[PDB]
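Comments concern the structure below.
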Amino acid sequence: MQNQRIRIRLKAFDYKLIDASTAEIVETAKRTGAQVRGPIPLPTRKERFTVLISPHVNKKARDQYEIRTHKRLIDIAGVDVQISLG
Amino acid sequence: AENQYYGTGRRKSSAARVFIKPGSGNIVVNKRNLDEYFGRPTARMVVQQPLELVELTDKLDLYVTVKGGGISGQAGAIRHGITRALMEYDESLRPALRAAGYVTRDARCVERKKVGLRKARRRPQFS
Amino acid sequence: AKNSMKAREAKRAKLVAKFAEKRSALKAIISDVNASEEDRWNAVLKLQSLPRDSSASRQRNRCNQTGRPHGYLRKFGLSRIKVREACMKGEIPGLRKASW
Amino acid sequence: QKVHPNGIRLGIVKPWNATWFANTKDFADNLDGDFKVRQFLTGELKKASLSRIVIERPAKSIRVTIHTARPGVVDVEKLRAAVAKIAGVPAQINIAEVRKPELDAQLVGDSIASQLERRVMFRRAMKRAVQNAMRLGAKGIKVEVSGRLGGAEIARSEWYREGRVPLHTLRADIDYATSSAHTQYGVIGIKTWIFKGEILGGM
RNA sequence: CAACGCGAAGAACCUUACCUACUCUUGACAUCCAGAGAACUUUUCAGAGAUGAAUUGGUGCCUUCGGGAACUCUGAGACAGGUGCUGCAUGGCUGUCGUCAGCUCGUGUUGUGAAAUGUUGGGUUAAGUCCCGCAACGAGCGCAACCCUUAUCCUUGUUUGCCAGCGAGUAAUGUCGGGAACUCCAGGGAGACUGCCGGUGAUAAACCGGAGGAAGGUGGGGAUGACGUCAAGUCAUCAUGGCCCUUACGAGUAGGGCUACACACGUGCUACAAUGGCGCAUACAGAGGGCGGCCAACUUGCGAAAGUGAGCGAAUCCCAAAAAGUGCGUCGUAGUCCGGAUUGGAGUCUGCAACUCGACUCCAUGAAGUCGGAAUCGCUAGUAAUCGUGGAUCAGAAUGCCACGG
């Protein structure tokens with residue numbers, strides 16, 4: 001019988017909000033009838049941006065920002081759910 | 001499992017999974033052989049150094065899987081893997097290996113490039 | 001930027017959405033390996049005639065909050081200067097200062 | 001010279017004014033939307049004591065939060081409708097009272113800014129703010145007014161500090177805000193710091 | 001010093017601020033007001049183009065129904081516009097001393113007073129660090145800590161990653177059943193405190209050494225820059241007082257230019273060779289990017305590439321090959337099997353367009369250079385040196401820059 005698991009892929013810029021949401025799901029699935037086999041940390045992306053800090057010159061003067069993106073797989077505002085019934 | 005002693009060992013960006021078995025000097029690296037993996041001899045010495053010390057060179061079978069880094073990195077990763085493997089066997093093999101600077105994980109890893117610098121330390125030349 | 005330099009780029013963006021299909025089609029004749037060399041020339045001819053500003057190459061990505069032509073970043077759409085001022089104020093989500 | 005107080009503490013003790021996940025495509029549009037929304041709301045709520053516009057994007061929508069000293073002054077339907085237009089997505093607008101509005105760096109500076117635009121003594125405005133804050137229970141406060149002060153031909157920068165303002169302490173809950181008094185002599189900057197006590201335990 | 005691979009994280013056009021020429025003045029851009037036309041859509045002539053005049057289809061919304069909108073156009077004058085000037089009128093931002101250990105205040109005391117004291121002194125510390133002394137006693141900004149990362153361990157979980165023990169395969173494949181061990185990934189914890197021992201010192205601070213320990217005395221690196229100094233930089237990111245220009249210092253377009261070169265300097269890259277070149281064989285990374293994107297495979301081409309065709313919005317697919325290394329030959333130490341400039345010629349690719357002025361490929365051409373005066377720069381350890389690799393900007397264009405490992 002063709003398997004139809006629920007590969008959920010949460011993506012967020014905050015790991016605590018992603019963790020709030022991993023609980024939300026797993027809890028609910030457990031508050032119904034569903035095994036989760038879940039939250040599976042997938043490697044956190046880290047975009048980085050070395051911007052010049054001065055309005056004019058001063059090239060060595062520079063700030064470096066990052067946007068880390070956390071991603072969790074559960075295999076049944078800020079969080080990006082992507083349910084994949086396969 | 002068998003009498004399969006296991007120890008991890010890291011060095012620079014390399015990580016050796018080192019499995020040890022009662023045996024007769026069968027050193028295996030990533031399904032190649034000790035000398036068939038590392039060429040220049042240092043490496044294979046370095047791997048053996050803790051074996052040479054405990055004096056089980058040809059009383060042991062090494063099933064080493066190592067990833068990451070380079071030759072020296074991997075060599076050193078395994079040395080550290082075996083050190084931990086050897087102390088997984090006899091728990092009072094420590095002082096020998098400890099005092100031979102084998103038990104220490106060498107934390108030294110590449111220093112990051114830094115804005116305004118060519119590298120970690122190297123500055124631009126100046127007028 | 002000067003208000004005209006901003007205006008020039010609004011127009012360009014208008015003129016690229018307008019002619020995308022036509023340009024792309026023409027270009028996809030100045031190319032087709034098993035096309036006619038004669039029709040190939042006619043495709044070349046029509047693409048000389050379309051408004052130059054309909055070329056997307058002729059767009060300079062500019063800062064959305066100002067119009068700084070240099071120092072751009074696509075992820076955000078702002079110049080370095082505005083990216084920073086936004087980040088510090090906490091207005092770009094996820095983006096903080098980074099050390100490692 | 002000095003890092004932005006809100007900048008360094010984002011993630012540590014200071015929350016974000018925008019919470020939405022976007023992938024690169026959308027990210028830059030979402031950012032430009034937010035700017036338009038902020039620029040609009042700020043431009044309308046000039047006499048509503050606005051501090052902080054928090055812009056969520058819950059799925060395909062935009063929730064705003066006008067944190068304000070004057071939930072009364074906020075009309076809301078028109079704002080909701082106007083934001084919904086600019087964003088091009090079903091907008092909500094929520095309101096939050098700034099309960100103690102003289103322990104809010106943004107308002108404190110906006111106050112001083114107004115006062116300096118009405119031609120008040122810069123020392124008078126600065127000093128009253130410091131006192132009100134330290135009375136309402138600021139663990140400290142700095143205010144630095146910079147410009148042509150009392151329309152001086154040479155710009156200077158005066159600042160008063162009462163209490164602690166431990167800027168290098170990251171666990172410190174420091175509220176910062178620049179304002180600008182636009183006057184006949186020129187722009188006059190009002191930086192305001194307000195230390196409301198180190199937050200042990202993280203964010 | 002703290003300008004000179006700096007603004008510029010990428011000048012063919014665009015960018016662009018400049019120039020020459022052609023063009024327009026309520027204007028390229030904005031609000032207001034009135035009237036007209038939906039918007040738009042072809043297709044066409046002229047022109048370098050901007051624009052102008054001709055050419056068809058469409059003419060919907062919202063209904064008070066002379067109405068809503070909205071867009072287009074023209075007219076009105078208020079206004080618009082200015083990368084014009086002033087950074088010595090400013091805000092904001094930045095460099096610098098320098099992550100140097102300082103800079104100060106309240107109260108008290110001393111002095112006619114400017115002021116002093118605290119903050120000095122004895123030790124100590126990376127540190128105005130700490131401890132003793134002491135008319136000072138307290139406090140603030142700095143120091144340190146709190147943050148990120150990296151060393152080791154535990155716990156929770158296990159796919160797109162893993163493969164110890166598992167059985168079954170394939171030309172090989174973790175291939176695939178299966179495993180949750182391990183590497184790893186990521187959330188939560190543990191750990192380092194001079195805590196412990198010995199010695200030293202004022203029994204102080206602390207210092208020297210030792211044990212344990214992945215780690216030892218701030219473990220390593222990053223972030224974090226006191227009060228101020230230089231009327232330091234930036235009115236050209238933006239903002240802004242004033243000033244100035246408003247048929248022009250505003251606006252549109254086309255072609256030039258910023259790429260010019262007698263030369264000087266700054267910063268780089270590549271060399272001068274055998275610790276090398278060259279051919280062949282063969283091994284080990286980290287990090288990152290990707291939808292008008294990254295492009296597998298196949299076929300074609302010497303090749304750039306082109307056909308052509310998957311997969312992948314990504315621990316899945318792709319970029320993608322590590323290179324220094326190792327193994328074996330060859331060169332035989334010289335202007336060479338060093339070096340790669342320059343130029344001729346034939347191309348590919350991006351783009352409306354590569355003449356000025358792109359990159360790349362192929363063929364040939366094979367310059368300077370034989371380790372560099374005085375002088376001067378960087379570096380104290382996973383550092384320097386060397387080796388490749390990725391990224392932003394980006395149609396195309398990286399010896400720069402940011403970053404990653406060997």
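Below, chains carry the letters A, B, ... as their sequence lines are ordered, and counting in each starts from 1.
- With sequence neighbours left out, the side chain to side chain donor-acceptor pair (under 3.5 Å) criterion links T42(B) to no other residue.
- Note on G38(A): only backbone sugar-phosphate atoms sit closer than 4.0 angstrom, heavy atoms only; bases stay farther off.
- Taken to the nearest 0.5 Å, the CD atom of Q74(B) stands 12.5 Å off from the CZ atom of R11(B).
- Going from atom NZ of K60(A) over to atom P of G98(E) covers 15 Å, rounded to whole Å.
- In this structure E117(D) satisfies the side-chain contact (heavy atoms from CB on, under 4.5 Å) test together with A181(D), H182(D), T183(D), sequence neighbours excluded.
- Applying the side chain to side chain donor-acceptor pair (under 3.5 Å) rule to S21(A) yields no partners; only residues at least two apart in sequence or on another chain are considered.
- Listed by first and then second residue, the side-chain hydrogen bond (donor to acceptor under 3.5 Å, both in side chains) pairs that reach into residues 15-28 of chain C are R23(C)-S54(C), sequence neighbours excluded.
- Using a 4.0 Å cut-off, some side-chain N or O of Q64(A) falls inside it from OP1 or OP2 of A403(E).
- In this model, the phosphate group of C29(E) is not approached by any side-chain N or O of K11(C) to a distance below 4.0 Å at OP1 or OP2.
- Across all strands, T66(C) comes closer than 4.0 Å to base atoms (heavy-atom distances).
- Of the candidates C147(E), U51(E), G221(E), the closest approach to any side-chain atom of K114(B) belongs to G221(E).
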Protein proximity profile, nucleotides 4-23 of chain E - base contact B, sugar-phosphate-only contact S, no contact -, cut-off 4.0 Å on heavy atoms: B-BBBBSS-BBSSS------
So which protein nitrogen or oxygen atoms get under 3.5 Å of nucleotides 404-406 of chain E's nitrogens or oxygens?
from: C404(E); atom 1: OP1; to: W100(C); atom 2: NE1; distance (Å): 3.0
from: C404(E); atom 1: OP2; to: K113(B); atom 2: N; distance (Å): 3.2
from: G405(E); atom 1: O3'; to: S13(B); atom 2: OG; distance (Å): 2.8
from: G406(E); atom 1: OP1; to: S13(B); atom 2: N; distance (Å): 3.4
from: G406(E); atom 1: OP1; to: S13(B); atom 2: OG; distance (Å): 2.5
from: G406(E); atom 1: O3'; to: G70(B); atom 2: N; distance (Å): 3.4

Sort me out a list of protein N/O and nucleotides 227-231 of chain E N/O pairs below 3.5 Å, or just none if empty.
from: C227(E); atom 1: OP1; to: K142(D); atom 2: NZ; distance (Å): 3.2
from: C227(E); atom 1: OP2; to: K2(D); atom 2: NZ; distance (Å): 2.9
from: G228(E); atom 1: OP1; to: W159(D); atom 2: NE1; distance (Å): 2.9
from: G228(E); atom 1: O6; to: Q1(D); atom 2: NE2; distance (Å): 2.6
from: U229(E); atom 1: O4; to: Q1(D); atom 2: NE2; distance (Å): 3.4

Nucleotide N/O to protein N/O under 3.5 Å, stretch nucleotides 385-387 of chain E:
from: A385(E); atom 1: OP1; to: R122(B); atom 2: NH1; distance (Å): 3.2
from: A385(E); atom 1: OP2; to: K119(B); atom 2: NZ; distance (Å): 3.1
from: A385(E); atom 1: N7; to: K119(B); atom 2: NZ; distance (Å): 3.3
from: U386(E); atom 1: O4; to: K119(B); atom 2: NZ; distance (Å): 3.3

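- In this model, the phosphate group of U237(E) is not approached by any side-chain N or O of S79(C) to a distance below 4.0 Å at OP1 or OP2.
- Nucleotides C185(E) and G157(E) meet the pairing criterion: a Watson-Crick or G-U wobble pair with both donor-acceptor distances under 3.5 Å.
- Side-chain proximity of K97(C) to the nucleotides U149(E), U237(E), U224(E) is greatest for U224(E).
- Within the 4.5 Å cutoff, the side chain of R98(B) has no heavy atoms near those of the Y102(B) side chain.
- Donor-acceptor pairing under 3.5 Å, judged by distance alone, is present between the side chain of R108(B) and the base of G382(E).
- Counting only N and O atoms by type, the side chains of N3(B) and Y5(B) include no donor and acceptor under 3.5 Å apart.
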Between the protein and nucleotides 164-170 of chain E, list the N/O to N/O atom pairs that are separated by less than 3.5 angstrom.
from: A164(E); atom 1: OP1; to: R17(B); atom 2: NH2; distance (Å): 2.9
from: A164(E); atom 1: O5'; to: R17(B); atom 2: NH2; distance (Å): 3.2
from: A164(E); atom 1: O3'; to: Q4(B); atom 2: NE2; distance (Å): 3.2
from: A164(E); atom 1: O2'; to: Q4(B); atom 2: OE1; distance (Å): 2.7
from: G165(E); atom 1: OP1; to: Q4(B); atom 2: NE2; distance (Å): 3.4

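- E91(C) and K89(C) are not joined by a salt bridge, as no carboxylate oxygen comes within less than 4.0 angstrom of a charged side-chain nitrogen.
- Scored by the side chain to side chain donor-acceptor pair (under 3.5 Å) test, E88(B) finds no partners at all (sequence neighbours excluded).
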Pick out the pairs of N or O atoms, protein on one side and nucleotides 208-219 of chain E on the other, that lie under 3.5 Å.
from: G213(E); atom 1: OP2; to: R98(B); atom 2: NH1; distance (Å): 2.7
from: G213(E); atom 1: OP2; to: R98(B); atom 2: NH2; distance (Å): 3.1
from: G213(E); atom 1: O5'; to: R98(B); atom 2: NH2; distance (Å): 3.2
from: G213(E); atom 1: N7; to: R98(B); atom 2: NH1; distance (Å): 3.3
from: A214(E); atom 1: OP2; to: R98(B); atom 2: NH2; distance (Å): 2.6
from: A214(E); atom 1: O2'; to: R105(B); atom 2: N; distance (Å): 3.3
from: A214(E); atom 1: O2'; to: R105(B); atom 2: O; distance (Å): 3.2
from: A215(E); atom 1: OP1; to: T104(B); atom 2: OG1; distance (Å): 2.6

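- Comparing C352(E), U160(E), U94(E) by their closest approach to the side chain of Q48(C) singles out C352(E).
- The phosphate of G290(E) (OP1 or OP2) has a side-chain N or O of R45(A) nearer than 4.0 angstrom.
- Partners of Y176(D) by side chain to side chain donor-acceptor pair (under 3.5 Å), not counting sequence neighbours: none found.
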